[PDB]
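Enquirer: The structure follows.
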Amino acid sequence: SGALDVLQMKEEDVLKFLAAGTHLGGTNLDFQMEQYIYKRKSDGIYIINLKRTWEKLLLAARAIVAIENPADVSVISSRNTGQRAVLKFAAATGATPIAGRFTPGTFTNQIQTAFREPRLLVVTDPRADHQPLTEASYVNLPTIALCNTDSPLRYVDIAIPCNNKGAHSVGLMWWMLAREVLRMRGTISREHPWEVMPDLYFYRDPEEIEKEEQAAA
Amino acid sequence: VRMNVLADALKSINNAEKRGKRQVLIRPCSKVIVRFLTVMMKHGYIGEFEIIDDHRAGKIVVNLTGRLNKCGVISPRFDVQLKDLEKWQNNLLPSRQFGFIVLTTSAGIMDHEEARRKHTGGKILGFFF
Amino acid sequence: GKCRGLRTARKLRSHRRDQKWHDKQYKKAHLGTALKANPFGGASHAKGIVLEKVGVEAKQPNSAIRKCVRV
Amino acid sequence: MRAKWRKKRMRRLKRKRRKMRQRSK
Amino acid sequence: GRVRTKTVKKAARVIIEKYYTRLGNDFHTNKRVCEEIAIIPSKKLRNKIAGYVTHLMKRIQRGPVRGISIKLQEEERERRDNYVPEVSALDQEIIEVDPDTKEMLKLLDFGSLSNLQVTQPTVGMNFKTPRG
Amino acid sequence: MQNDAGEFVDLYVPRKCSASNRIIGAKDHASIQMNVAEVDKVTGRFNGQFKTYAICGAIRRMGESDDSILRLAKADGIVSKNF
Amino acid sequence: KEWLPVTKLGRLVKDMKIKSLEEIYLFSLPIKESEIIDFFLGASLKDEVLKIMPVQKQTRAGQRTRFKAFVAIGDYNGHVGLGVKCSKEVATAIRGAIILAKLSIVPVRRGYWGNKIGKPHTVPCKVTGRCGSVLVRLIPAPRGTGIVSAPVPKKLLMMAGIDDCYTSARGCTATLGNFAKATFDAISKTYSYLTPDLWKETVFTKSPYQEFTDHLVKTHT
Amino acid sequence: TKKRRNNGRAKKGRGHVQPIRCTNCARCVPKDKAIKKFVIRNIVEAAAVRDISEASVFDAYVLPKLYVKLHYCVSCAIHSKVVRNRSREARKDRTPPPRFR
RNA sequence: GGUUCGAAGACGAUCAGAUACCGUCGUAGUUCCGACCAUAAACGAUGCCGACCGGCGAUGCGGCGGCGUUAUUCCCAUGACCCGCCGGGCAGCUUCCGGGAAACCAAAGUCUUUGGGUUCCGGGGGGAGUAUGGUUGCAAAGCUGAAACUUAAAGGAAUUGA
Ligand SMILES: [Zn+2]
């Protein structure tokens, strides 16, 4: 988010991100989300400032790198939209994801065998994962939440304004976050882009999978 | 009715300190309030302030700092003697290590400790710690 | 009181003086009719003449019949 | 027995007292 | 009302999770395997447990089972949970530029270099859907 | 917290947040020392030193934590001033 | 009898890497282990049973007379605690009271009275903690005075170490369930107070999990 | 204690409303205190429309409807068994039951 | 002036026992004029004035600006929309602002860290708003207002057995 003069952007990915749908906001508005508004669009649409989302993403990635151990990173997901996205993000990072079914008793209570302690937590949606927002107050755990203009800001540590309705808008932000964490850690050189069609990383509907299988075979 | 404006100003900055505000805006430009701000500036409980002076009661912007618990008002203003000052500071101030009782004299506005050395009483203004 | 007045000494003094009459514990000890009905009238000890003895029942379950003396 | 009936019985009793005072005076 | 009981459900998942290798779709195969590995007192309870084991095997052959933790499905999940990609997305030379961020990045160390191009402002009318 | 000799008689010192200028209580379970890893300007990798922050429970239960961290980073010189 | 480290900080206690128990209070980490306090402070950690309160919840099968044990814990010059555990049998009630008393321990704040010499003895400033109808106004006292209060908070202040304090009760203080929480909150809100002496900022350091995060993940699972 | 947040009626800052007599009994009920009902219904029940469509002079005669605004008090509404006691969290909901069929 | 309704009262059963539930009647009242008194749950079971302390959708008034519209279609701006902003007035939803024993309140918060101005009123419960004192009234009734005697209780909130 500061003291770098390497990453720089020019023009072209407007035509990709308009088709992706990351600029799309919610219908209503929270009063704490008034500073993240860039512009408006017809019939109840906010335009989320993607290059301020870039700066919040850089601050969150600094938090991810400051959590030096990659094993104790909790990636919490709630809905069926963000399952394959956090699965491929756990493939890129090397951590333990939670794709739904939060169990009260694993972290709060000391009876069950699954008693872990990951420091960093990533919340997909506050209104959906309202229950993992509770243990951030009882236990000293930082929180990187993904929020909309309709979503409020309560018992959160840092928030990133993104669309959490479209599967393209979810998988796009995870697919962009996975490069930033790996380049700020540093394993692979800063040389090449990605060639393969991005249909692998987004969440796919089973009717779409059957339609693509019928079109292929 | 707004008879004691200084009481409402102390209540407003007290609620501002309870919420945790960084700055405060008040309406009058009373010289007693300005001298009380310059008294608190020498102790260093709040930051430096500024005024916007119209051709009326000019507005005051005070940049507050988190170095104050509560500054209550004394209404009505009673006289303070040298012999009774111990009984004032016993129930008015919480502790003996910290605590200030501002009061005006015929010479000028000063704290309670300098008036003990100068041996000259006066009417009480307020208390802050 | 509720009024934080400056020249309001005698008003709150009269209010406290009327509160002294409205108080029950102070008023009962300083009655003339109660002191007239009091057989002592400030006395500690008193003599008397025994004329008869009357038995008095007791109250609920813990019962007895105790003999008082009409003096 | 209600407070209204107690007030009514005391109203009748005070009316009887006023009648006795009117016969006495 | 042939409902498989909790004494069957606590046993059968542990039996499959331990001896997942020595199993089969046939009833007479794992009916004799349960006789070896487990001690079942009665034939009716043995047949109920073996039928529920064959039903769980049919559930495995259809798809993934939420309750049991199969080692093979755990390895299949671990492959797509630790498959590190070669080259991921971001650092191409040409990504988006926003005009209101162009003003705020000029102050600190994100200055206006030669590799920048401001875009046209996006069209928009009104940000409230009618309330009905 | 001195004595007649001059040594600090207290044995531990509590924390104080720099954003809201308020102290941090003892049993404040929402208090987080947020660390930020320092990044080189020409390499873009991990260096070894960190930058610390302070988060108290009052700012979190009020609902201004992501703004307070933003203002602290803006005052330290990471996040730009205008935003 | 042998303790097993459940939490991750328990492995640091078992390996003797954290040396100070006040470093837990500095990072404000939640203590969910009972044997760590008994390991460090074993002989000094004393128990005092204040009062057993029987309560009878009424069911269709008569009533279940369950007990509520109040157990104060701690050395006479140091840390104190307050554990509240209600159970139906006295052995489990006393055991749970001792466990919750070992979990919930608080430090008390000693202060000076005007003149600065020697060790602090009194309450530094006028603080209080109110809940229910109990309000104990903690007022400082000169040296060699005592605790002018009820004998149970006098015993709690003897356990605390503050030998000199004047109190001022208000309201119905007979309610012990609100009285124990009030005298717990009054000594808990002593350090949580802005003072003019505390103007210098507190220096920070690395988290103890971040310091040994490479060793704790490899020494066990 | 005070059971409801309001006083069981829609009187906000007026003081007096128009009294409306009840339908079942002769209780003098206020307007906002009354439980009001509006039920529409055809005059035929099961087969009268079929009998008229079989035997008539006119062809495709339209049927009228019933329009009676019913009023009930607290006792009469429960005696006609319309309203029902709900949970304390459901008492705060001023929403009607859903109109599906 | 008295149509309807309908205290007192009659009749019919009702009931071991009804000038109680219910119906048919039915006097005074029910409506106004010229007057008398001050009584209601005149309840919001909540003293008045001035200020600080979150957000949201909308209704009723006035003013203001503007894509697309209807009416006069035909210039012209207001009636009817929609999108906004402010003030006064009435509400609601959410809420670790704040407090209480809880119901819950942007006030019932700005109380122990107790003092913004500010009139009236209650001191365990009954007797009892009773005697007595005068005042106003044709009458009904309203005002201030005790005492002897008895009483370890009388109460508020919020849960079980049925
Ligand atoms: Zn009715």
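Ordering of the structure tokens sets the chain letters (A, B, ...); residue numbers start at 1 within each chain; ligands are numbered from 1 in the order shown.
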Which polymer residues have any atom within 12 Å of an atom of residue 45 of chain I, counting only C-alpha atoms (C1' of nucleotides), with same-chain residues fewer than 3 positions away left out, as a PyMOL selection string?

Expert: (chain H and resi 1-2+7) or (chain I and resi 41)

Enquirer: What's the 12 Å shell around residue 58 of chain E, counting only C-alpha atoms (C1' of nucleotides), without same-chain residues fewer than 3 positions away, as an MDAnalysis selection string?

Expert: chainID E and resid 23:27 51:55 61:65

Enquirer: Can you check which parts of chain C lie within 12 Å of chain I? Per residue, the shortest pair of atoms and distance in Å to one decimal, counting only C-alpha atoms (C1' of nucleotides), sorted by chain and number, as CSV.

Expert:
```
residue,atom,partner,partner_atom,distance
C:1,CA,I:118,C1',10.9
C:2,CA,I:118,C1',7.6
C:3,CA,I:118,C1',6.1
C:4,CA,I:115,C1',7.7
C:5,CA,I:117,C1',8.9
C:6,CA,I:117,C1',11.6
C:15,CA,I:121,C1',11.7
C:19,CA,I:123,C1',9.6
C:20,CA,I:123,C1',11.1
C:21,CA,I:123,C1',11.2
C:22,CA,I:123,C1',7.7
C:23,CA,I:123,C1',6.7
C:24,CA,I:123,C1',7.5
C:25,CA,I:123,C1',9.9
C:26,CA,I:123,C1',11.9
C:27,CA,I:146,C1',11.9
C:28,CA,I:147,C1',10.5
C:31,CA,I:147,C1',9.7
C:32,CA,I:147,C1',10.4
C:33,CA,I:147,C1',7.5
C:34,CA,I:147,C1',8.3
C:35,CA,I:148,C1',11.7
C:36,CA,I:148,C1',10.9
C:37,CA,I:148,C1',8.3
C:38,CA,I:148,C1',11.1
```

Enquirer: Got a sec: who's within 6 Å of segment 112-121 of chain E, counting only C-alpha atoms (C1' of nucleotides), leaving out chain neighbours fewer than 6 positions off, as a PDB file with N, CA and C atoms, in the first residue's frame?

Expert:
```pdb
ATOM      1  N   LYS A  10      -1.942   0.178 -16.652  1.00  0.00           N
ATOM      2  CA  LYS A  10      -2.205   1.193 -17.677  1.00  0.00           C
ATOM      3  C   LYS A  10      -3.648   1.353 -18.167  1.00  0.00           C
TER       4      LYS A  10
ATOM      5  N   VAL E  97      -6.617   1.735 -14.557  1.00  0.00           N
ATOM      6  CA  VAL E  97      -6.314   3.000 -13.889  1.00  0.00           C
ATOM      7  C   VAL E  97      -7.619   3.762 -13.657  1.00  0.00           C
ATOM      8  N   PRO E  99      -9.500   7.353 -12.366  1.00  0.00           N
ATOM      9  CA  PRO E  99      -9.130   8.784 -12.387  1.00  0.00           C
ATOM     10  C   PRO E  99      -9.130   9.463 -11.025  1.00  0.00           C
TER      11      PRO E  99
END
```

Enquirer: Using only C-alpha atoms (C1' of nucleotides) and all ligand atoms, which residues of the polymer chains come no farther than 10 Å from ligand 1? I'd like the answer as a PDB file with N, CA and C atoms, in the first residue's frame.

Expert:
```
ATOM      1  N   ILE H  20     -67.552   3.005  16.725  1.00  0.00           N
ATOM      2  CA  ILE H  20     -68.226   2.150  15.752  1.00  0.00           C
ATOM      3  C   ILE H  20     -68.839   0.971  16.494  1.00  0.00           C
ATOM      4  N   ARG H  21     -70.140   0.764  16.302  1.00  0.00           N
ATOM      5  CA  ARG H  21     -70.849  -0.320  16.969  1.00  0.00           C
ATOM      6  C   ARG H  21     -70.464  -1.664  16.361  1.00  0.00           C
ATOM      7  N   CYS H  22     -70.423  -2.692  17.205  1.00  0.00           N
ATOM      8  CA  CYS H  22     -69.997  -4.012  16.768  1.00  0.00           C
ATOM      9  C   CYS H  22     -71.100  -4.709  15.975  1.00  0.00           C
ATOM     10  N   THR H  23     -70.711  -5.773  15.273  1.00  0.00           N
ATOM     11  CA  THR H  23     -71.635  -6.526  14.433  1.00  0.00           C
ATOM     12  C   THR H  23     -72.298  -7.672  15.191  1.00  0.00           C
ATOM     13  N   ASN H  24     -71.509  -8.466  15.918  1.00  0.00           N
ATOM     14  CA  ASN H  24     -72.064  -9.596  16.658  1.00  0.00           C
ATOM     15  C   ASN H  24     -72.826  -9.115  17.888  1.00  0.00           C
ATOM     16  N   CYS H  25     -72.160  -8.355  18.752  1.00  0.00           N
ATOM     17  CA  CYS H  25     -72.786  -7.770  19.925  1.00  0.00           C
ATOM     18  C   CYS H  25     -73.017  -6.277  19.706  1.00  0.00           C
ATOM     19  N   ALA H  26     -73.488  -5.610  20.756  1.00  0.00           N
ATOM     20  CA  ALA H  26     -73.795  -4.185  20.724  1.00  0.00           C
ATOM     21  C   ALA H  26     -72.789  -3.382  21.541  1.00  0.00           C
ATOM     22  N   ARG H  27     -71.530  -3.816  21.534  1.00  0.00           N
ATOM     23  CA  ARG H  27     -70.486  -3.146  22.295  1.00  0.00           C
ATOM     24  C   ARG H  27     -70.043  -1.880  21.572  1.00  0.00           C
ATOM     25  N   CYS H  28     -69.957  -0.775  22.312  1.00  0.00           N
ATOM     26  CA  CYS H  28     -69.500   0.503  21.766  1.00  0.00           C
ATOM     27  C   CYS H  28     -67.978   0.468  21.698  1.00  0.00           C
ATOM     28  N   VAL H  29     -67.456   0.205  20.505  1.00  0.00           N
ATOM     29  CA  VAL H  29     -66.024  -0.002  20.306  1.00  0.00           C
ATOM     30  C   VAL H  29     -65.445   1.217  19.594  1.00  0.00           C
ATOM     31  N   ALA H  34     -61.065  -1.365  17.342  1.00  0.00           N
ATOM     32  CA  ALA H  34     -61.799  -2.437  16.688  1.00  0.00           C
ATOM     33  C   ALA H  34     -60.911  -3.231  15.739  1.00  0.00           C
ATOM     34  N   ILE H  35     -61.146  -4.541  15.708  1.00  0.00           N
ATOM     35  CA  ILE H  35     -60.554  -5.422  14.703  1.00  0.00           C
ATOM     36  C   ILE H  35     -61.496  -5.362  13.504  1.00  0.00           C
ATOM     37  N   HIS H  71     -66.809  -5.543  12.016  1.00  0.00           N
ATOM     38  CA  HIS H  71     -66.087  -4.990  13.151  1.00  0.00           C
ATOM     39  C   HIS H  71     -66.260  -5.913  14.346  1.00  0.00           C
ATOM     40  N   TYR H  72     -65.168  -6.165  15.064  1.00  0.00           N
ATOM     41  CA  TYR H  72     -65.219  -6.994  16.259  1.00  0.00           C
ATOM     42  C   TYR H  72     -64.377  -6.361  17.354  1.00  0.00           C
ATOM     43  N   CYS H  73     -64.762  -6.608  18.602  1.00  0.00           N
ATOM     44  CA  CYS H  73     -63.979  -6.145  19.737  1.00  0.00           C
ATOM     45  C   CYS H  73     -63.010  -7.248  20.156  1.00  0.00           C
ATOM     46  N   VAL H  74     -62.386  -7.081  21.325  1.00  0.00           N
ATOM     47  CA  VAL H  74     -61.397  -8.042  21.807  1.00  0.00           C
ATOM     48  C   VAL H  74     -62.064  -9.361  22.181  1.00  0.00           C
ATOM     49  N   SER H  75     -63.226  -9.294  22.835  1.00  0.00           N
ATOM     50  CA  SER H  75     -63.941 -10.514  23.193  1.00  0.00           C
ATOM     51  C   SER H  75     -64.619 -11.140  21.978  1.00  0.00           C
ATOM     52  N   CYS H  76     -65.239 -10.315  21.126  1.00  0.00           N
ATOM     53  CA  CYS H  76     -66.000 -10.846  19.998  1.00  0.00           C
ATOM     54  C   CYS H  76     -65.099 -11.405  18.903  1.00  0.00           C
ATOM     55  N   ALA H  77     -63.889 -10.859  18.737  1.00  0.00           N
ATOM     56  CA  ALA H  77     -62.969 -11.400  17.738  1.00  0.00           C
ATOM     57  C   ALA H  77     -62.466 -12.783  18.138  1.00  0.00           C
ATOM     58  N   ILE H  78     -62.199 -12.989  19.428  1.00  0.00           N
ATOM     59  CA  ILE H  78     -61.768 -14.302  19.895  1.00  0.00           C
ATOM     60  C   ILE H  78     -62.955 -15.264  19.948  1.00  0.00           C
ATOM     61  N   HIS H  79     -64.168 -14.746  20.175  1.00  0.00           N
ATOM     62  CA  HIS H  79     -65.356 -15.596  20.130  1.00  0.00           C
ATOM     63  C   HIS H  79     -65.669 -16.041  18.706  1.00  0.00           C
ATOM     64  N   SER H  80     -65.377 -15.191  17.719  1.00  0.00           N
ATOM     65  CA  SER H  80     -65.483 -15.598  16.323  1.00  0.00           C
ATOM     66  C   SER H  80     -64.230 -16.316  15.841  1.00  0.00           C
TER      67      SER H  80
END
```

Enquirer: Leaving out residue 195 of chain G and any residue of its chain fewer than 2 positions from it, which residues lie within 9 Å of it when counting only C-alpha atoms (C1' of nucleotides), given as a ChimeraX atom specification?

Expert: /B:67-69,98,129 /G:193,197-199

Enquirer: Write to file, as a PDB file, in the first residue's frame, the residues of the selection just made, with N, CA, C and O atoms.

Expert:
```pdb
ATOM      1  N   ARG B  67      -6.272  13.142  27.155  1.00  0.00           N
ATOM      2  CA  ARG B  67      -5.538  13.323  28.406  1.00  0.00           C
ATOM      3  C   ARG B  67      -6.431  14.010  29.433  1.00  0.00           C
ATOM      4  O   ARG B  67      -5.992  14.860  30.209  1.00  0.00           O
ATOM      5  N   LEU B  68      -7.712  13.643  29.444  1.00  0.00           N
ATOM      6  CA  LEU B  68      -8.675  14.262  30.347  1.00  0.00           C
ATOM      7  C   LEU B  68      -9.784  13.266  30.643  1.00  0.00           C
ATOM      8  O   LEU B  68     -10.317  12.640  29.723  1.00  0.00           O
ATOM      9  N   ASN B  69     -10.126  13.121  31.924  1.00  0.00           N
ATOM     10  CA  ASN B  69     -11.198  12.220  32.335  1.00  0.00           C
ATOM     11  C   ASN B  69     -12.548  12.934  32.359  1.00  0.00           C
ATOM     12  O   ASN B  69     -13.472  12.551  31.635  1.00  0.00           O
ATOM     13  N   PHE B  98      -2.483  13.972  41.804  1.00  0.00           N
ATOM     14  CA  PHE B  98      -2.930  14.712  40.634  1.00  0.00           C
ATOM     15  C   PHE B  98      -4.253  15.401  40.937  1.00  0.00           C
ATOM     16  O   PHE B  98      -5.071  14.900  41.714  1.00  0.00           O
ATOM     17  N   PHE B 129      -8.804  17.309  35.818  1.00  0.00           N
ATOM     18  CA  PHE B 129      -7.740  16.371  36.161  1.00  0.00           C
ATOM     19  C   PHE B 129      -7.609  15.278  35.102  1.00  0.00           C
ATOM     20  O   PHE B 129      -8.586  14.896  34.458  1.00  0.00           O
TER      21      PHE B 129
ATOM     22  N   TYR G 193      -7.720   3.043  33.954  1.00  0.00           N
ATOM     23  CA  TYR G 193      -8.009   4.426  34.314  1.00  0.00           C
ATOM     24  C   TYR G 193      -6.915   5.347  33.790  1.00  0.00           C
ATOM     25  O   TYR G 193      -5.726   5.088  33.997  1.00  0.00           O
ATOM     26  N   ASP G 197       0.215  10.419  35.107  1.00  0.00           N
ATOM     27  CA  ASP G 197       1.551   9.828  35.118  1.00  0.00           C
ATOM     28  C   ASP G 197       1.786   8.983  33.872  1.00  0.00           C
ATOM     29  O   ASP G 197       2.922   8.858  33.398  1.00  0.00           O
ATOM     30  N   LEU G 198       0.723   8.392  33.330  1.00  0.00           N
ATOM     31  CA  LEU G 198       0.825   7.553  32.137  1.00  0.00           C
ATOM     32  C   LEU G 198       0.628   8.408  30.885  1.00  0.00           C
ATOM     33  O   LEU G 198      -0.438   8.447  30.268  1.00  0.00           O
ATOM     34  N   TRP G 199       1.699   9.115  30.523  1.00  0.00           N
ATOM     35  CA  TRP G 199       1.731   9.898  29.294  1.00  0.00           C
ATOM     36  C   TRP G 199       2.689   9.345  28.252  1.00  0.00           C
ATOM     37  O   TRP G 199       2.447   9.527  27.054  1.00  0.00           O
TER      38      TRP G 199
END
```

Enquirer: Could you give me, as a list in words, the residues within 10 Å of residue 154 of chain I, counting only C-alpha atoms (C1' of nucleotides) and dropping anything in the same chain fewer than 5 positions from it?

Expert: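 Counting only C-alpha atoms (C1' of nucleotides), the residues come to residues 124, 125 and 126 of chain I.
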
Enquirer: Using only C-alpha atoms, what does the table of chain B residues within 9 Å of chain F look like, with each row giving the shortest atom pair and its distance in Å to one decimal, sorted by chain and ascending number, as a Markdown table?

Expert:
```
| residue | atom | partner | partner_atom | distance |
| --- | --- | --- | --- | --- |
| B:20 | CA | F:20 | CA | 6.4 |
| B:21 | CA | F:20 | CA | 7.9 |
| B:22 | CA | F:20 | CA | 7.8 |
| B:65 | CA | F:21 | CA | 6.9 |
| B:66 | CA | F:21 | CA | 5.0 |
| B:67 | CA | F:21 | CA | 7.9 |
```

Enquirer: Please report the interatomic distance between atom CA of residue 79 of chain F and atom CA of residue 31 of chain F in Å with one decimal.

Expert: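 Computing the Euclidean distance for atom CA of residue 79 of chain F and atom CA of residue 31 of chain F yields 22.5 Å.
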
Enquirer: Could you give me the residues within chain B that DSSP places in alpha helix (DSSP H), as a PyMOL selection string?

Expert: chain B and resi 5-19+31-43+85-92+112-118

Enquirer: Residues of chain A that approach chain I to 10 Å or less, counting only C-alpha atoms (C1' of nucleotides): could you list each one with the shortest pair of atoms and its distance in Å to one decimal, rows by chain and increasing residue number, as CSV?

Expert:
```
residue,atom,partner,partner_atom,distance
A:28,CA,I:56,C1',9.2
A:29,CA,I:56,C1',8.7
A:30,CA,I:55,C1',7.6
A:31,CA,I:55,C1',6.2
A:32,CA,I:55,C1',9.0
```

Enquirer: Those residues you just picked out, can you put them in a file as a short mmCIF file (atom, residue, chain, number, x, y, z; two decimals), in the first residue's frame with N, CA, C and O atoms?

Expert:
```
data_model
loop_
_atom_site.label_atom_id
_atom_site.label_comp_id
_atom_site.auth_asym_id
_atom_site.auth_seq_id
_atom_site.Cartn_x
_atom_site.Cartn_y
_atom_site.Cartn_z
N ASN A 28 -28.70 -1.25 -1.33
CA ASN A 28 -28.76 -0.28 -0.26
C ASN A 28 -27.34 0.18 0.08
O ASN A 28 -26.39 -0.10 -0.65
N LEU A 29 -27.19 0.88 1.20
CA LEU A 29 -25.91 1.48 1.57
C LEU A 29 -25.76 1.51 3.08
O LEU A 29 -26.68 1.91 3.79
N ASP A 30 -24.59 1.09 3.56
CA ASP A 30 -24.22 1.27 4.95
C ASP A 30 -23.47 2.59 5.10
O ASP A 30 -22.78 3.04 4.18
N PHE A 31 -23.62 3.22 6.27
CA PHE A 31 -23.06 4.55 6.46
C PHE A 31 -21.55 4.52 6.63
O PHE A 31 -20.88 5.53 6.38
N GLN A 32 -20.99 3.39 7.05
CA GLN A 32 -19.54 3.26 7.13
C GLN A 32 -18.91 2.98 5.77
O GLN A 32 -17.69 3.11 5.62
#
```
